[PDB]
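*Asks:* Input: one structure, supplied below.
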Amino acid sequence: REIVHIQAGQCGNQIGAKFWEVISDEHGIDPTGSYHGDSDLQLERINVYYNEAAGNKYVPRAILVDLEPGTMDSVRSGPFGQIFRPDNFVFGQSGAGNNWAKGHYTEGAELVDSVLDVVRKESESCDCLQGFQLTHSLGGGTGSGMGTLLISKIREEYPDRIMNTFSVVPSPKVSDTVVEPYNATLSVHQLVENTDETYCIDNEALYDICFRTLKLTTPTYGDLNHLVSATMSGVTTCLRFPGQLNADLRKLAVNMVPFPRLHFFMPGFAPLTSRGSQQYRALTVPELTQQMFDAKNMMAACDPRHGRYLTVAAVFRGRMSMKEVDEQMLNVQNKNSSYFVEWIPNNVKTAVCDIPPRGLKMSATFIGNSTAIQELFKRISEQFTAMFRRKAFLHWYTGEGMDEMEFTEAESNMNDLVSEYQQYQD
Amino acid sequence: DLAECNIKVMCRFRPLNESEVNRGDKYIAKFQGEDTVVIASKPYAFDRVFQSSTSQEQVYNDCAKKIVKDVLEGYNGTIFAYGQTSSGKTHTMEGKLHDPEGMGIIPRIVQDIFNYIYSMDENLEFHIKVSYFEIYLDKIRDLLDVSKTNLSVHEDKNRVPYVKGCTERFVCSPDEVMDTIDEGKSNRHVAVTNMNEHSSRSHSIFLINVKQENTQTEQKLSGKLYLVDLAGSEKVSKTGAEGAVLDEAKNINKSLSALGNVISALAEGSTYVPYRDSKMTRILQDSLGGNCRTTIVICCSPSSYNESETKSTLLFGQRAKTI
Amino acid sequence: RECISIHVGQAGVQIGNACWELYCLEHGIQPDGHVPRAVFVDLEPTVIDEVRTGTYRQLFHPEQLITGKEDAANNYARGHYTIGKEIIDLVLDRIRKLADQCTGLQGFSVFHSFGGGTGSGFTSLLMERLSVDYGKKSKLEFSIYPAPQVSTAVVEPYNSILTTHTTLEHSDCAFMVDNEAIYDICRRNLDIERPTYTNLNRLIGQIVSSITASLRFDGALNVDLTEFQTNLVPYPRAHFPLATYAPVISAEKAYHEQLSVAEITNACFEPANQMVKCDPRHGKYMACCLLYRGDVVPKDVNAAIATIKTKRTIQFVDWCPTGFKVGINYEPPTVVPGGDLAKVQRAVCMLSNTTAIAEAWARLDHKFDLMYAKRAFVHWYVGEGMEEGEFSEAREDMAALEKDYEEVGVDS
Ligand SMILES: CC(=O)O[C@H]1C(=O)[C@@]2(C)[C@H]([C@H](OC(=O)c3ccccc3)[C@]3(O)C[C@H](OC(=O)[C@H](O)[C@@H](NC(=O)c4ccccc4)c4ccccc4)C(C)=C1C3(C)C)[C@]1(OC(C)=O)CO[C@@H]1C[C@@H]2O
Ligand SMILES: Nc1nc2c(ncn2[C@@H]2O[C@H](COP(=O)(O)OP(=O)(O)OP(=O)(O)O)[C@@H](O)[C@H]2O)c(=O)[nH]1
Ligand SMILES: Nc1nc2c(ncn2[C@@H]2O[C@H](COP(=O)(O)OP(=O)(O)O)[C@@H](O)[C@H]2O)c(=O)[nH]1
Ligand SMILES: Nc1ncnc2c1ncn2[C@@H]1O[C@H](COP(=O)(O)OP(=O)(O)O)[C@@H](O)[C@H]1O
Ligand SMILES: [Mg+2]
Ligand SMILES: [Mg+2]
Ligand SMILES: [Zn+2]
């Protein structure tokens, strides 16, 4: 099987560097080097993310889409930056304006064809394609607009292969941009109707989880990114490993989406202990479920405790008892019968790889489909209206060839999306 | 908001055809009352059950007459023809377009709209516009303009959905409308190698927008009536190229499943209805559920051979649990 | 004389590798000896690959190892219809190529995992295409039906109410081994909270060895495969008996091993030892096939059983005077060199049809409804060549399996 990553925008891009920083080491691939793999198993399934050309050069099969040179020229001028074949860099030296409209209708719409071109060169690579990974932020141009287009096109070209989306939904407390809800509401819209698996991460849900669950005092972006990339590795790549009970994107999809919206999840990693001290090793297993299922530790902003779950997928990856795994999951399902929805006898989807995260003994990625994420699109949707009402920075959109009915559309859509999700919380 | 889920379901059985009789099929449908059919001992009640010799006139009076009045009253509505291929969907929705006896629901509706208009003609100023498009593989094509392919649904300033760039034609007489339907039917063959295959796998959607303004009263009215001849509900038996002696791969049509979820949601009195599940349900959003009347005519072959398919159809129709 | 076997689904393959292991182990045929007599099917390469990479690597022909690089999908539909279809032909070909090479066979021991994609769906049509190509044989399918509370897949029931209805009208005798109810045995009758799947497999890998292996093997009271279905199914429904083993004692902890027949047989009817969460909560047995192996005196049995026949609290069906097929083999069991199985010199792999499953099916059917009641993951099948029909019409199916398993018992 296979997949083809997609680094839309700067963020989605910045993260690319971290997702590939990791993944590679979790596959023994040095900058341009080959497979130094401490083992021999980190190779029989690599294909999922690379391509064979030389014999020591397995190149990441991702796409780097962005209308701001400097960015990709920071990712390509640093560490692992020199492993991507230049063909991968689909830049847009234009003005990468922070407008969803500027990267979806006017500026991005041009650079698109020169992207799809490659997304096809990579898809028609070889063997059988599974789906595409998509990273980006719903709070900017090259991210929400142009990346949200990249998919609307992808999903017309292969409505068969899957589409996981890793979105950095606009954090609450403080917005790292101003129109944010504009660029956001507009991209979520596109998401709820193309990709079929979305993993929403919040820069501040991370800080928290990174400053209190990792006594880490100076959580640089690199970190946040790093933590995130840690989860997306547990998801995909991982399951493309052996296991007593293994799954793969689809299983994950076909066990997690009760209703076609596409629904968004909230990823959570397992061993998340501070370096030295904490290295408690309390990782027998009840310790991992202890972790994963708590409020804090959910990369999302919202707290599960604020709304039932529809599905859950503990994708563990480290030798354990299909008994102490299958078992724990249960008590968990009974101690919290309250929030776990009922019309699904077994919400949880236990998954079990074998080999764990390179240096760790036992981990377990968590992919939750809780109704709690209602209280986020609400947020976003609110911010919109409060500012849409006055058409705040709307001239930067319309003036870029947009529509007063376009914004209406998205909000509503994504706004209805909130509605539905409640239809199950009850 | 009127009653929430103003969905009526009528089951129409057609006569056994010569192919079924030739095959040796038997008539398995048993009837009771004017609303119940019995298949394999199990009873299925609906708003009405039409036996094999019911007339086009009976079907129109029971299934569409009142909806047409609502449209002229200024409300929206939808009427569907659901069922396996050869069940009687097209016969029901259009029949013989120009035969006064054999014409289906659409011809009779057009006829009644204009006739009503003619009896008004005093202070009311009418304006009728039609649209004719099809959905194949969840892609919309304009049947009035074959260049308009893979169109997209959009919502206007006031939330009302619409097919971006879809031809809207002003009609002034029944004959103009039938000519429009005839053109759409001819245009449909464009870029289609097998029309049988294509017709059974696609959805035809005819829209009649009736606007009126009383020059004196000034009160304006606008109603949209969507007439839909759905794709065959029988996914099974897909012949062709695939796993020769190893196949069973095919899903229920995306729009039919989307329609199922929308109807079930409305039947449950849910405040959230999943219209976005398909382009079809999104376009029909302002005319399906809510304060709109909706009639679904599920059509069935009374053949022993199509027993399992009929069960499915009956079950689909049941999604709208009435009282 | 023989009995081919088709291990379908990752699980049916893991269990397969296991049951297949125990085999050579008690037949003195190391890694590289003769030639198996089965096949391996899966729509996820990486798993069958485990049989291509791991142990018992060269004991198979890359011909009896079928794979569909494509996608597994934890959904019946896709595995049965859409995808699974493409492979079937090829699959069959082997069970027609392997079925020919032999000499007057008896049937195909099928190994699948009820609630899976490749295991539920696929087989559904595999067994399907068999019942027609060899109606004149035995179709005993050995299943691992859904843990009563510890299921895995979110949809599981969808996949198991569908593998039951499609296979029902095609199997001869369906053996059942409950994944969870086996854990209990690993906790309560062996002590270990560290049971790897690789263990449950060693277990069924045992109970199964008692079925085919040893039975098709000479003895003082041989029992052919046909024998089963005959002495085991009272009615055409591909009736599902339950597998049970007796000396499930730990090869470390306790040691009373020397547990004469009189004991090991009583240890079969206590509900805490039956590889199935179908505790005889009321289910009246209606036929049991006590397969013994090792040093056993026929009188010991034709007495140990007599004592049972008169315990009454073990209530057998009415319309059944005597329902005890005593199968005696010679060669004692054969435990893994150093797993965790005791290693006695006699065992009792008793299987049976019990009005008990009236439960297990019930509890699994109900599940289904809850979700179907909301269509839950329905769009996943529809979009895979299925319809409101197959579900609703396979639900009605089992319905008459809840009435069937009710009527054939509880009444006199
Ligand atoms: C001596 C020793 O055992 O060191 C550990 C360690 O101290 C701890 C604290 C690690 C450490 O992780 C962090 O401090 C961290 C920093 C930024 C963001 C997130 C986490 C570690 O850096 C991370 C590193 O993780 C791995 O090696 C995994 O394979 C992981 N790899 C990466 O994230 C990675 C990092 C740099 C370069 C390339 C990859 C992984 C996880 C999931 C999927 C794929 C890969 C491990 C075990 C450790 C150190 C090295 C200190 C922990 O994290 C992980 C992801 O394992 C933090 O809590 C856990 C518990 C570990 O015990
Ligand atoms: N006893 C036993 N049960 C197993 C084993 N592997 C899986 N199972 C059980 O069988 C079911 C899992 O089926 P999956 O592995 O998801 O799927 P599959 O049937 O192989 O086919 P796909 O869904 O297409 O992958 C669960 O109920 C597991 O508890 C095993 O090795 N032994
Ligand atoms: N986790 C994370 N968030 C980022 C990174 N870079 C920008 N962001 C977030 O992305 C949003 C800004 O969008 P940006 O990526 O600049 O848009 P674009 O570059 O025009 O497509 C803010 O909410 C930031 O917190 C990053 O490297 N990691
Ligand atoms: N009620 C009916 N009376 C007589 N013939 C019928 C009846 N319904 C269907 N048929 C005929 O059966 C054939 C197939 O019916 P049609 O409506 O085209 O099927 P579909 O459901 O595929 O649209 C047509 O000739 C049609 O006129
Ligand atoms: Mg037709
Ligand atoms: Mg599998
Ligand atoms: Zn002793």
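Ordered as shown in the structure tokens, chains take letters A, B, and onward, while each chain numbers its residues from 1 and ligands are numbered from 1 in the order shown.
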Neighbours of ligand 7 within 12 Å, counting only C-alpha atoms and all ligand atoms, as a PyMOL selection string?
*Replies:* chain C and resi 249+254-260+342+344-345
*Asks:* Keeping only N, CA and C atoms, take the residues you just selected and write them out as a CSV table (one decimal), in the first residue's frame.
*Replies:*
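Ended up saving to out27.csv:
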```csv
chain,number,residue,atom,x,y,z
C,249,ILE,N,-4.6,-27.5,32.2
C,249,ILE,CA,-3.8,-27.1,33.4
C,249,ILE,C,-2.5,-26.5,33.1
C,254,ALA,N,0.4,-25.4,39.4
C,254,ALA,CA,-0.2,-26.6,40.0
C,254,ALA,C,0.3,-27.8,39.2
C,255,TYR,N,0.1,-28.9,39.9
C,255,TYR,CA,0.5,-30.2,39.3
C,255,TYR,C,-0.2,-31.4,39.9
C,256,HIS,N,-1.4,-31.7,39.4
C,256,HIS,CA,-2.1,-32.8,39.8
C,256,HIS,C,-2.3,-33.6,38.5
C,257,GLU,N,-1.7,-33.1,37.4
C,257,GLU,CA,-1.8,-33.7,36.1
C,257,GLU,C,-2.6,-35.0,36.1
C,258,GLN,N,-2.0,-36.0,36.7
C,258,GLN,CA,-2.7,-37.4,36.8
C,258,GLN,C,-4.1,-37.2,37.3
C,259,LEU,N,-4.9,-36.8,36.3
C,259,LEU,CA,-6.3,-36.6,36.6
C,259,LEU,C,-7.2,-37.5,35.9
C,260,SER,N,-7.2,-38.8,36.3
C,260,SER,CA,-8.0,-39.8,35.6
C,260,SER,C,-9.3,-39.3,34.9
C,342,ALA,N,0.0,-27.4,30.3
C,342,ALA,CA,0.5,-28.5,31.2
C,342,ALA,C,1.3,-29.6,30.5
C,344,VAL,N,-0.5,-33.3,29.7
C,344,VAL,CA,-1.1,-34.5,30.4
C,344,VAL,C,-1.0,-35.7,29.5
C,345,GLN,N,-1.5,-36.9,29.9
C,345,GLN,CA,-1.4,-38.1,29.1
C,345,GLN,C,-2.9,-38.5,28.8
```
*Asks:* Which parts of segment 197-406 of chain A does DSSP call strand (DSSP E or B) when run on the backbone here, written out as a ChimeraX atom specification?
*Replies:* /A:197-199,245,264-268,309-317,348-353,364-370
*Asks:* According to DSSP computed on the backbone, where in segment 73-229 of chain B is there helix (DSSP H, G or I)? Give the residues as an NGL selection string.
*Replies:* :B and (89-93 or 105-120 or 174-187 or 195-201)
*Asks:* If I take atom CA of residue 68 of chain C and atom CA of residue 171 of chain C, how far is one from the other in Å, to one decimal?
*Replies:* 24.8 Å
*Asks:* Could you please tell me, as a PyMOL selection string, which residues of chain B have an atom within 7 Å of chain A when using only C-alpha atoms?
*Replies:* chain B and resi 155-157+272+277
*Asks:* Can you pull out every residue with an atom within 7 Å of ligand 3? Use only C-alpha atoms and all ligand atoms and format it as a compact mmCIF listing (two decimals) with N, CA and C atoms, in the first residue's frame.
*Replies:*
```
# COMPACT_ATOMS: atom_id res chain seq x y z
N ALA A 8 0.77 21.66 2.69
CA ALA A 8 0.13 22.91 2.27
C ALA A 8 0.40 24.11 3.19
N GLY A 9 0.80 25.23 2.59
CA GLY A 9 1.06 26.42 3.38
C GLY A 9 2.39 26.37 4.10
N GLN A 10 2.63 27.34 4.99
CA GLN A 10 3.88 27.38 5.75
C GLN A 10 3.76 26.39 6.88
N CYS A 11 2.77 26.60 7.74
CA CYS A 11 2.57 25.71 8.87
C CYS A 11 2.65 24.28 8.39
N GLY A 12 1.64 23.89 7.63
CA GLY A 12 1.60 22.53 7.10
C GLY A 12 2.97 22.14 6.61
N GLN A 14 6.10 23.76 7.71
CA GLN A 14 6.98 23.73 8.88
C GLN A 14 6.88 22.35 9.52
N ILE A 15 5.64 21.90 9.69
CA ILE A 15 5.34 20.59 10.27
C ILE A 15 5.88 19.46 9.39
N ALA A 96 2.04 35.67 -1.16
CA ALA A 96 1.29 34.68 -0.39
C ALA A 96 0.32 35.30 0.62
N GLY A 97 -0.32 36.40 0.25
CA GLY A 97 -1.26 37.08 1.13
C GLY A 97 -2.01 36.17 2.07
N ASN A 98 -2.27 36.67 3.27
CA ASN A 98 -2.96 35.90 4.30
C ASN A 98 -4.45 35.73 4.06
N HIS A 136 -1.57 21.39 7.28
CA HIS A 136 -1.82 22.81 7.06
C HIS A 136 -2.53 23.42 8.27
N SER A 137 -2.70 24.72 8.18
CA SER A 137 -3.38 25.51 9.20
C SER A 137 -4.56 26.21 8.56
N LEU A 138 -5.68 26.20 9.27
CA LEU A 138 -6.89 26.81 8.78
C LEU A 138 -6.95 28.28 9.15
N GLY A 139 -5.79 28.90 9.30
CA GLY A 139 -5.74 30.30 9.65
C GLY A 139 -4.80 31.12 8.79
N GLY A 140 -4.89 30.94 7.48
CA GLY A 140 -4.03 31.66 6.54
C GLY A 140 -4.37 31.38 5.08
N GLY A 141 -3.59 31.95 4.17
CA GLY A 141 -3.84 31.76 2.76
C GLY A 141 -3.40 30.41 2.26
N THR A 142 -2.11 30.26 2.00
CA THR A 142 -1.55 29.01 1.50
C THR A 142 -1.98 27.77 2.27
N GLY A 143 -2.57 27.98 3.44
CA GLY A 143 -2.98 26.84 4.23
C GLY A 143 -4.41 26.43 3.99
N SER A 144 -5.33 27.25 4.48
CA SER A 144 -6.75 26.96 4.36
C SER A 144 -7.28 27.06 2.95
N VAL A 168 -4.64 22.52 11.81
CA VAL A 168 -4.28 23.24 13.00
C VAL A 168 -5.36 24.29 13.25
N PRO A 170 -7.73 27.03 14.51
CA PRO A 170 -7.44 28.26 15.25
C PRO A 170 -7.62 28.11 16.75
N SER A 171 -6.50 28.16 17.46
CA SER A 171 -6.49 28.04 18.91
C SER A 171 -7.38 29.12 19.51
N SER A 175 -5.41 34.26 19.05
CA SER A 175 -5.32 33.91 17.64
C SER A 175 -4.06 34.49 17.00
N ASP A 176 -3.24 33.60 16.44
CA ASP A 176 -1.98 34.00 15.84
C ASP A 176 -2.14 34.71 14.53
N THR A 177 -3.37 35.15 14.27
CA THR A 177 -3.73 35.91 13.07
C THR A 177 -5.01 36.69 13.41
N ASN A 203 -2.44 24.67 18.66
CA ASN A 203 -1.20 25.19 19.18
C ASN A 203 -1.19 25.43 20.69
N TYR A 221 8.19 26.23 18.70
CA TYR A 221 7.28 25.65 17.72
C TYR A 221 7.80 24.27 17.37
N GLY A 222 9.08 24.20 17.00
CA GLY A 222 9.68 22.94 16.64
C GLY A 222 9.12 21.81 17.48
N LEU A 224 6.12 21.70 19.55
CA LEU A 224 4.72 21.45 19.22
C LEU A 224 4.67 20.56 18.00
N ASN A 225 5.25 21.06 16.92
CA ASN A 225 5.30 20.34 15.66
C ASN A 225 5.75 18.91 15.92
```
*Asks:* Within 7 Å of segment 38-51 of chain A, counting only C-alpha atoms, which residues qualify if same-chain residues fewer than 2 places away don't, as a short mmCIF file (atom, residue, chain, number, x, y, z; two decimals) with N, CA and C atoms, in the first residue's frame?
*Replies:*
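Generated output (around35.cif):
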```cif
data_model
loop_
_atom_site.label_atom_id
_atom_site.label_comp_id
_atom_site.auth_asym_id
_atom_site.auth_seq_id
_atom_site.Cartn_x
_atom_site.Cartn_y
_atom_site.Cartn_z
N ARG A 1 0.86 -1.22 0.00
CA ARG A 1 0.00 0.00 0.00
C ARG A 1 0.88 1.24 0.00
N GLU A 2 0.26 2.42 -0.12
CA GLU A 2 1.00 3.69 -0.15
C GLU A 2 0.17 4.92 0.24
N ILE A 3 0.85 6.07 0.32
CA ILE A 3 0.24 7.36 0.64
C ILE A 3 1.19 8.46 0.12
N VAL A 4 0.67 9.67 -0.07
CA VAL A 4 1.51 10.78 -0.51
C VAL A 4 1.20 12.07 0.28
N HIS A 27 12.47 5.10 10.45
CA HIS A 27 12.63 4.35 9.22
C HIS A 27 14.08 4.41 8.75
N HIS A 36 19.60 3.07 7.27
CA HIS A 36 20.60 2.68 8.27
C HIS A 36 19.89 1.85 9.33
N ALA A 53 14.94 5.00 -6.49
CA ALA A 53 15.60 5.59 -7.66
C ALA A 53 17.05 5.12 -7.70
N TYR A 58 15.94 6.97 -0.89
CA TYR A 58 14.51 6.72 -0.83
C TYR A 58 13.98 8.12 -0.52
N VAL A 59 13.39 8.77 -1.52
CA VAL A 59 12.89 10.12 -1.33
C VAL A 59 11.45 10.24 -0.88
N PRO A 60 11.22 11.03 0.18
CA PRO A 60 9.86 11.22 0.68
C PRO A 60 8.93 11.62 -0.45
N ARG A 61 7.79 10.95 -0.50
CA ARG A 61 6.80 11.21 -1.53
C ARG A 61 5.71 12.12 -1.01
N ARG A 240 1.33 0.35 9.24
CA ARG A 240 1.90 -0.26 8.06
C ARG A 240 3.05 -1.12 8.53
N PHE A 241 2.89 -1.58 9.76
CA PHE A 241 3.83 -2.46 10.42
C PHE A 241 3.01 -3.68 10.81
#
```
*Asks:* Hey, which bits of chain C sit within 7 Å of chain B, and for each residue what's the closest pair of atoms and how far apart in Å (one decimal), counting only C-alpha atoms, rows by chain and increasing number, as a Markdown table?
*Replies:*
```
| residue | atom | partner | partner_atom | distance |
| --- | --- | --- | --- | --- |
| C:78 | CA | B:249 | CA | 6.0 |
| C:80 | CA | B:248 | CA | 5.9 |
| C:81 | CA | B:248 | CA | 2.6 |
| C:82 | CA | B:249 | CA | 2.0 |
| C:83 | CA | B:249 | CA | 5.7 |
| C:84 | CA | B:247 | CA | 6.8 |
| C:85 | CA | B:247 | CA | 3.3 |
| C:86 | CA | B:243 | CA | 3.5 |
| C:87 | CA | B:246 | CA | 5.9 |
| C:88 | CA | B:246 | CA | 4.3 |
| C:89 | CA | B:245 | CA | 4.6 |
| C:381 | CA | B:251 | CA | 6.1 |
| C:382 | CA | B:251 | CA | 3.8 |
| C:383 | CA | B:251 | CA | 3.3 |
| C:384 | CA | B:251 | CA | 3.5 |
| C:385 | CA | B:250 | CA | 2.3 |
| C:386 | CA | B:251 | CA | 5.1 |
| C:387 | CA | B:252 | CA | 5.4 |
| C:388 | CA | B:312 | CA | 5.8 |
| C:389 | CA | B:312 | CA | 4.6 |
```
*Asks:* Hey, which residues sit close to ligand 4? Say within 9 Å, counting only C-alpha atoms and all ligand atoms, and write them as a ChimeraX atom specification.
*Replies:* /B:12-17,51-56,81-96,196,199-200,229-232,299-301
